[PDB]
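A lone chain, given as structure tokens: the form deposited in one PDB entry.
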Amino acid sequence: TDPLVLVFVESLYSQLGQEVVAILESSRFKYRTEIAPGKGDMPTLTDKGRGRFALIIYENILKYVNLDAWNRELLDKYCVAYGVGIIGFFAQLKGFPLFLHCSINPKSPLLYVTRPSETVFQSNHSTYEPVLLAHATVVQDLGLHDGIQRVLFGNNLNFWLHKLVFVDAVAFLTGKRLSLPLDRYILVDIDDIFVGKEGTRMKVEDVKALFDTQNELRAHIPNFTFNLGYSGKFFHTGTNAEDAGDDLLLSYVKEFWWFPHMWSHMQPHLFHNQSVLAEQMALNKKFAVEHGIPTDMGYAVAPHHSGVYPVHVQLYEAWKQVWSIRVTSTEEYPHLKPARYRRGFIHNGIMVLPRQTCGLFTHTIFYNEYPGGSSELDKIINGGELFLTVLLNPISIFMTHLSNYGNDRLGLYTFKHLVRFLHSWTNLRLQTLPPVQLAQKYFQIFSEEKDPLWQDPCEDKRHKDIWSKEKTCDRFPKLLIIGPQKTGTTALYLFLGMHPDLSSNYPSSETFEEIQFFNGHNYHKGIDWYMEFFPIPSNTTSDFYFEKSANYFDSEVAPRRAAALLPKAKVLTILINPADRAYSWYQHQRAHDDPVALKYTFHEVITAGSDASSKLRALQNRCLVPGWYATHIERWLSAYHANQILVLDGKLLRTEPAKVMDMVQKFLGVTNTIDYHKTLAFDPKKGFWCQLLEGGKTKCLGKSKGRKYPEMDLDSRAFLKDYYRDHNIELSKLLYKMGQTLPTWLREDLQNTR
């Protein structure tokens, strides 16, 4: 079955359902949230002979017990025939020999992570085995009465142990398909070393406590080493007891790990010149080399995470120039909140990891100086945010600062009690790796996060504050012409730039008006490369910008990338008859001296068998798969709303573009509506519509657009009639669902089918 988790929750805002979804999202468990049927409608469970869900979860198990008989029998038949368990949440239960009304069963088969060292369901039957005892709050049914095992919880996922039991139940009922290895990796980053004016710095007792705590935690976690964020300027600037305490930290230079972390603790996004930023880091490197600090760890952290997300190219280049940084970390990708959504990415040769916080901040000096009270730190340690981060994430980077190792040394005490809690309650093997080894482990576990998902910095206040002030905000287009190719996109592009309120981007060096940002390696070039094609918004200028790229239509990664950077953009896809589109795109390749289009006739290209060249298969894929209009539009329907997408008839644009452009302007909502009837004039020599300049002169497209070639033969037309027949029927249903008018060729093709 598919690894999707079928989630039934009473409403879209219930606390128990959101807690389950939060656990599944933290564990990268794919889920499909649905409204629980109160004798209503059961969604489809099997597709193409195989089930679509490996595990179902029920936040109100009474909606399964009191389920309608036809749906209940369908669900029970599905779960028996595919081995899918039921996680429930909550007199005798109806349909089961179980009555309804904290220790741990040590021999329970649920236990994969939970260590048994430290409403109830009770009756007399052997079809269930209890997991948590009170009689039995959490019971694991053995499937000896119904047929398939189910785990029923007597309470919510509020307690930390119940979350630990829940992820064990997810692992067991799936068959250890939706689970993680017991190996856990932790790296603690101590920030702002040698930062401060008076007080809260290293004394001799603070360094000795830091060294001793690292030694004793090395017995718990093998090779556990602290990472120190030094800062060379605020050296020997504290009290007399703190001048020696800073000097005592250089005696233990071979006992810790160090990362550069700025010369004078200034945000790198304030550095609009790279060379002065590199000279700052060279001063910090000179300090580290002189004091014996190692300069080969390959890891660094910006003082406010300024310039890692959004990308300040000067920070990335200076890190690789002065330090050869390979790993950094941030808490800004994709957003600061919630922390469970934080991912990593690899950009510009630097692997970025999601940095987390242990709850200890810069202002946290004393135990009672911690905000919320000293019990809030103990709550976070003993089954709070600390424990849940280690449990649900394989790799964690925890943030701590200079003040967390001061008078009370809360950084020591917090990680002391956390590791004791982890090894007394879990079977997890805690490890500590160097940040290079830690990052490689992260992108081997999560290989889908190796590509970044760019966003607009000015849509988030936190991202705007750590963005360079020399970069303007709305330098992004509002209209995307996605294609497909050879449908008339250049004529639509050339007639849109004539509008005074609308501005087109600068042409590229090779791809000209096409940027091809969202569908290839140009996405990895960054958003600052993308902003160079669109002029500075200024004030007294046309603030509406558009760009065309015909390869965005059929691309799979382009819609989600375009929706991430430009969620408010308008999508313009134009369609002609796909038999004609395939033929024109075939003849266009012949006109560009493509050697496999010139070697094979159009009938041979479309009748290409599997036992042929890969060049022919690439051309056949290029001719036919973009003609699957229903497939590619549905990809863009997953990313953009229906009202942000307009589907034009390219044959209508071929004949009457003036009414087409009126539909475009009412789609784009312009103010200076151009009368294109007097502005566009049909050119008999060209065969298409062109400009009507002053004096009767006409400005047409080049020879590449609107070519002339012999007509398609009847055999190839007959093949493209039956090939696209189910595609056009799906396209007709799709365009009817969107509320957009069917094209003239589409309605004609349905009439020929009838």
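By rigid core we mean the largest C-alpha set that fits within 1.5 Å across both forms. Start at 1 with the first residue shown and count on from there.
The entry models residue 101 and residue 102 with a gap of 4 to 9 deposited residues left without coordinates. According to the entry, the stretch of the deposited sequence that connects residue 134 to residue 135 contains 10 or more residues lacking coordinates, which leaves a long gap in the model.
As for the form deposited in another entry, it is not shown, yet the points below apply to it.
Residue shifts between the shown form and the other one, rigid core superposed: of 567, 147, 537, 349, the only C-alpha displaced by 2 Å or more belongs to 147.
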